[PDB]
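> so I pulled this structure from the PDB, and the sequence comes with it:
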Number of protein chains: 4
Amino acid sequence: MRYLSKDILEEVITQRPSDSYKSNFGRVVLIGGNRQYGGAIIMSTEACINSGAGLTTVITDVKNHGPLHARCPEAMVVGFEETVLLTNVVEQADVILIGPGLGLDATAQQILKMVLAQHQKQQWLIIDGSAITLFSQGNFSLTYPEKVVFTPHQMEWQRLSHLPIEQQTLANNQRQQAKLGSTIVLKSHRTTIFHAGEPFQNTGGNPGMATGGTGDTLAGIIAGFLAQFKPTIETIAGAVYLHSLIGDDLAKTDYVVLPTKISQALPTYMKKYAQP
Amino acid sequence: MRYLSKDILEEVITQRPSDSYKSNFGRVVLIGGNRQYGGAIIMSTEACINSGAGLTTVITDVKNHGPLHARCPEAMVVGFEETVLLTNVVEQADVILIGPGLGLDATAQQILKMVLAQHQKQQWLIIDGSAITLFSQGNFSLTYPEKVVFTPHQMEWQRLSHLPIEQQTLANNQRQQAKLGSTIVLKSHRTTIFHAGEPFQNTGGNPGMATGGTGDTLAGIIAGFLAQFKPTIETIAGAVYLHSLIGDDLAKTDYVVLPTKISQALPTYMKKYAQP
Amino acid sequence: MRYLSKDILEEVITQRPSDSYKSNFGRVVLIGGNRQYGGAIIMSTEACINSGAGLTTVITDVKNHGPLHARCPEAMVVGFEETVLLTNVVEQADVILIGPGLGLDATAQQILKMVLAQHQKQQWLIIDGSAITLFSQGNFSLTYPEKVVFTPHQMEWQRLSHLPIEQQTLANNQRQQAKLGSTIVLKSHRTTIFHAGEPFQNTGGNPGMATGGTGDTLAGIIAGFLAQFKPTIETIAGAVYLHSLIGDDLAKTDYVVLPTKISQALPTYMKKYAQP
Amino acid sequence: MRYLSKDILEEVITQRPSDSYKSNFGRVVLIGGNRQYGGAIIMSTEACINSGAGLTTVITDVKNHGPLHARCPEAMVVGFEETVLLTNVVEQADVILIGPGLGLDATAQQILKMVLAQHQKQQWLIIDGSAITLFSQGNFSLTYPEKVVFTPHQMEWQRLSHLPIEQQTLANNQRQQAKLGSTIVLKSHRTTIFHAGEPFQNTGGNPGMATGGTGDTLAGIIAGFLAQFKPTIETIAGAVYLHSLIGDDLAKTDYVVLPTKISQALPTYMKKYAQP
């Protein structure tokens, strides 16, 4: 087990080459935000953009496009009803995040089915929140599981793995990871990442981050990191570590840590660690 | 009578345990914002989120969802027409605030009737603004009055209690409180809180806070405090005191104190007082 | 002629009494913002709220309510189609500002006609921008002209007064003011205010404020000042002077002075001058 | 070839005369933002306003007016369906920018055709992004090519000029410029501007600006500069240089440079260089 520290950040966050263009920094499609939870996908989008993703496209209810553009004009917006366009943006994506604010309805199930069906070996797929629940209910078989990332909290991991909370032990968690062949970012008070290699144990987090939207922000950072950096699980560990490092720093002054504040801090923190 | 000072804040605002999750910090449903006064419910929402409430859901006119999400992406939004969903979020709520920007129409009366009908002993109910007027017109009998909180200004207290302004004396106020068996946050230039125990007398406030939205902010802070802290009337007194402490501090530099500024200050002030 | 200096601010901007309530600080209705120029009325609203107006209601195209609430949640919003409500808010207003972003169409003409018809002796009426043009085209006779304020630039003053630019001399300007019996805030590189008494000559202004929205901000400050302060023309001169004082200060660092920045500075500047 | 340095800024950015009015500082119409890419036109608008343009009007999908006004209340908004009004604002424009977020559909083609058809000798026309692609597909003949500015990246320049990337050499670029008789702002890691005179070579830029919206911001700065400053190609070089100077400064602290941050810095940077 590797216990995370700033060295993960110096490892993962590379200085950009002088002659770089947007697409070098990845195309991300974020999918979520039903009519009640549009804010969730807006928080993931803000995190993704602030993290350095080259191009961010958001598939979300058209209700949410207006407030999303008020806060995140850098994002392209596609509604759930724009079937041809949404299919196209997903095909062209380097990274797909599905789940923030997604909910559990039929359109949600169809989009997940479509994403999974088309998933290609070169694409990262992050399945978060209610998308983990849908995936668990639908008996899918992943074509390229090594490129799928699940970000469950402990209750979603019970749904996915059948491990009850008390049995969510290092060895049992690893065995269920192995069964899937995917990366499991098991979110908790101290988040642990299970994969083909040596698990990563996060060392930060505070209860001031126990507020709505914190996981949406993390998912957006993970997507942005996978858009830009080496396609190894260390990159995901870097995202996880940075999310809580900024949170822990904010918590020194702020009783609750608003997720937008974590996103807004990303450019200055990343510059600090970018490998010289 | 207890005269409020910072000691109320050290008493009420506890350090969160290292292993805390969102729901530990309460589920709040805020209800209000008709088509003209949507800003009111947005200001209550901003205050509630900034105060540390775990999860905030807003039932308000669908007209208001867009600007609410532009400012408060952490909130779930439900429209007045989503009868089944709104009923469900109210049932699941730990704290319900009804009133900011609510107005006086039939839909408003029906929602209040529904809230009151379902109110359960474990839930806090805050009845604010035009909801106090509706309650006063409707001859309701509270099932669990000890868990209801009324936040009238002196004119709404006349409606509720029949005490004319000049007779709103400590002893008469207490007698009318006793008749209800509910908490009365009697808002004035120096706010006083009447309950089963020894009244609380606030010691701050300034005329720079005499601007629209100040009471909406307070109501959101009260809801957020009741979401997180001990279920005693001291928690409400803490909210009241903190609202005016921040106001009074802002008023040192600002001629008028914009309510959003009070909300934005909550995380740094709360950290200062959180009981070590 | 009184040449304006900070002494106008110490004269006009009074310390609020300890026991003050919102309505003491006036009810303002701002009318304007057609479908193309909604931003204009949003800038006037931001200025009015920041200036300290007790209660601000905005009558503007329903298209504009969403972005207005994203920036100004303190405002009540009424659409042009809400005939009964808009009539009611105008009747109850202490100060009416009509004109920012209003345009020149029939609905615009009808609203102005309605405002003028109902104008009462206790109400301030500010006629700004395209409302000056409409007024000039419509052959109205003011019932209480001493309580009307026109805020023309030099071309609108030609429309209103028939004075060509070159003949807009102190003596001719005064004579045309006298014909109306209203206050004329003649906006220019150095704004001059004509009334029954000794004209006021502003002494600030810079070309960095020569940007769209500057006059909308001024009109909102004038409305907010008349809402709160003595009903004498000195109060209007205070608004004018403060607008350019903040502008001139911002212009020291900013090549162009964005009008929102002037509005955002009002609370700290007003505190500085409020008469001890 | 002139290698750009701050001296271009001292040359181009003049101190405004004491007696200046908005229209002296130019009328700009920005055209773009389809239903998916509305954020692009919002970023160009923010840049144009912050740059000092007198009056900014935006022709964009009505979907985008709400978030645009939330961020940029200084702009007039016109929808693509308001045929008469949009025609009128274009006729009256001093500077037209067409392209940010425009996309490639028929309405887009018609608007470009209309703009080109009416282009008058006194107007600057900037053709950016997907408008370069449309122009390249449509076999147009420019009536006043000396007043047209193309802002291609290297792939759009291949479309326009048929020069493949490897043949985009100084001499070949100049020859293709000469064929058009227009200004070519050839965007790259080090942007070069070709015109009738001696090319301008930009000397800044960093890979932190390799993020969506950076080119939209530049286009808005170019439009704002042409609105205000001398009608020579040096003015365009000033815009280009300032865009990257601010970017390079932000990149010292920020890993990625968010385009909104460049726009927000314009007033303070321009004041620094404005020719004393």
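On my side now, so go ahead. Residues are numbered from 1 along each chain as shown, chains lettered A, B, ... in the order given.

> number of residues surrounding whichever residue of the stretch 51-200 of chain A sits closest to chain D?
Using C-beta to the nearest C-beta, residue A:73 is the residue of the stretch 51-200 of chain A that sits closest to chain D, at 3.3 Å. C-betas here are computed from N, CA, C, even on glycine. For residue A:73, the count of nearby residues is 30 (other C-beta atoms under 10 Å in any protein chain shown).

> how about it, nearest residue that isn't a chain neighbour?
Among residues not flanking residue A:73 along the chain, residue D:39 sits closest, at 3.3 Å (C-beta to C-beta, 6 or more residues apart in numbering or on different chains).

> host element of the residue of the stretch 51-200 of chain A closest to chain D?
Using DSSP states H and E, residue A:73 falls within no helix or strand.

> that one contacts residue D:45, doesn't it?
No: taking C-beta atoms under 8 Å as the definition, residue A:73 is not a contact partner of residue D:45, at 9.6 Å.

> residue D:242 versus the residue of the stretch 51-200 of chain A closest to chain D, what's the distance?
21 Å (C-beta to C-beta, to the nearest Å).

> and residue A:48, by the same measure?
Applying C-beta to C-beta to residue A:48 and residue D:242 gives a distance of 28 Å.

> look at the two and report which has more neighbours.
Using other C-beta under 10 Å as the criterion, residue A:48 and residue D:242 rank with residue A:48 on top: 31 against 27.

> quick check: that one touching residue A:224?
Yes: between residue A:48 and residue A:224 there is a contact under C-beta under 8 Å: 4.4 Å.

> show me where chain A has its helices.
Along chain A, counting by DSSP state H, helices occupy A:6-12, A:38-50, A:65-71, A:83-92, A:106-118, A:130-137, A:154-161, A:170-180, A:214-228, A:233-251, A:259-273.

> now the angle from the longest one to helix A:38-50?
Taking axes from the mean of the first three to the mean of the last three C-alpha atoms, to 10 degrees, one finds helix A:233-251 and helix A:38-50 inclined to each other by 110 degrees.

> how about the last one?
Interaxial angle, helix A:259-273 versus helix A:38-50 (the same axes, to 10 degrees): 10 degrees.

> what do you get for the fifth one?
Angle between the axes of helix A:106-118 and helix A:38-50 is 30 degrees (criterion: the same axes, to 10 degrees).

> ok, residues contacting helix A:106-118?
Helix A:106-118 has contacts (C-beta atoms under 8 Å, 6 or more residues apart in numbering or on different chains) with A:31, A:34, A:59, A:80, A:86-87, A:90-91, A:96, A:98, A:102, A:125, A:127, A:130-131, A:134-135, A:138, A:140, A:142-143.

> filter those to the buried ones?
For the contacts of helix A:106-118, a burial check counting by 16 or more other C-beta atoms under 10 Å in any protein chain shown picks out A:31, A:34, A:59, A:80, A:86-87, A:90, A:96, A:98, A:102, A:125, A:127, A:130-131, A:134-135, A:142.

> among those residues, which ones lie close to chain C?
Among the buried ones among the contacts of helix A:106-118, none lies close to chain C by the criterion of C-beta under 8 Å from any C-beta of the partner chain.

> mutual contacts of residue A:48 and residue A:224, please.
With C-beta under 8 Å, 6+ apart, residue A:48 and residue A:224 have common neighbours residue A:28.

> spell out which parts of the stretch 101-250 of chain A neighbour chain B.
A:189, A:206-208, A:210-213.

> export the residues you listed to JSON lines and tack on neighbour count?
Below are these laid out as JSON lines (neighbours: other C-beta atoms under 10 Å in any protein chain shown):
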{"residue": "A:189", "neighbour count": "16"}
{"residue": "A:206", "neighbour count": "18"}
{"residue": "A:207", "neighbour count": "22"}
{"residue": "A:208", "neighbour count": "26"}
{"residue": "A:210", "neighbour count": "22"}
{"residue": "A:211", "neighbour count": "20"}
{"residue": "A:212", "neighbour count": "25"}
{"residue": "A:213", "neighbour count": "28"}
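
> one step back: which one of the helices of chain A lies nearest to residue D:218?
Of all the helices of chain A, helix A:38-50 sits nearest to residue D:218, with 18.3 Å by C-beta to C-beta.

> show me what that closest one is packed against.
strand A:27-31, strand A:55-59, helix A:65-71, helix A:214-228, helix A:259-273, helix B:65-71, strand B:76-78 (3 or more C-beta pairs under 8 Å, 6 or more residues apart in numbering or on different chains; DSSP states H and E).

> re the thing from before, so which of the helices of chain A is the most surrounded?
helix A:38-50 (a mean of 31; mean count of other C-beta atoms under 10 Å in any protein chain shown).

> now it against helix A:214-228, angle please.
Using the same axes, to 10 degrees, the inter-axis angle of helix A:38-50 relative to helix A:214-228 is 40 degrees.

> give me the angle between helix A:38-50 and strand A:55-59.
Using the same axes, to 10 degrees: helix A:38-50 against strand A:55-59 is 170 degrees.

> so for the residue in the stretch 51-200 of chain A positioned nearest to chain B, what's the nearest residue that isn't a sequence neighbour?
Here the stretch 51-200 of chain A gets closest to chain B at one residue, residue A:67, 3.8 Å apart by C-beta to the nearest C-beta. In this structure, residue A:67 finds its nearest non-sequential neighbour in residue B:69, 3.8 Å apart by C-beta to C-beta, 6+ apart.

> wait, residue A:76 touches residue A:59, no?
No: using C-beta under 8 Å, residue A:76 makes no contact with residue A:59, being 9.6 Å away.

> give me the common contacts of those two.
Residues touching both residue A:76 and residue A:59 (C-beta under 8 Å, 6+ apart): residue A:89.

> grab the nearest non-local neighbour of residue A:64.
residue A:38 (3.4 Å).

> from residue B:268, how far off is the closest residue to residue A:142 other than its chain neighbours?
Nearest residue to residue A:142 in three dimensions, chain neighbours excluded: residue A:148, at 5.5 Å (C-beta to C-beta, 6+ apart). Separation of residue A:148 from residue B:268 (C-beta to C-beta) stands at 40 Å.

> try residue A:143
Applying C-beta to C-beta to residue A:143 and residue B:268 gives a distance of 49 Å.

> residue A:2 - nearest residue in space that isn't next to it in sequence?
Per C-beta to C-beta, 6+ apart, closest to residue A:2 is residue A:200, 5.2 Å.

> what sits against the residue of the stretch 51-200 of chain A closest to chain B?
Counting by C-beta under 8 Å, 6+ apart, the residues that residue A:67 touches are A:38-39, A:42, B:66-70, B:73, C:70, D:67.

> if we use 10 Å, what do you get?
Residues near residue A:67 by C-beta atoms under 10 Å, 6 or more residues apart in numbering or on different chains: A:33, A:38-39, A:42, B:65-73, B:77, C:66, C:70, D:66-67, D:70.

> and what of residue A:6?
A:238, A:241-242, A:245, A:272-273.

> make it 8 Å
A:241, A:245, A:273.
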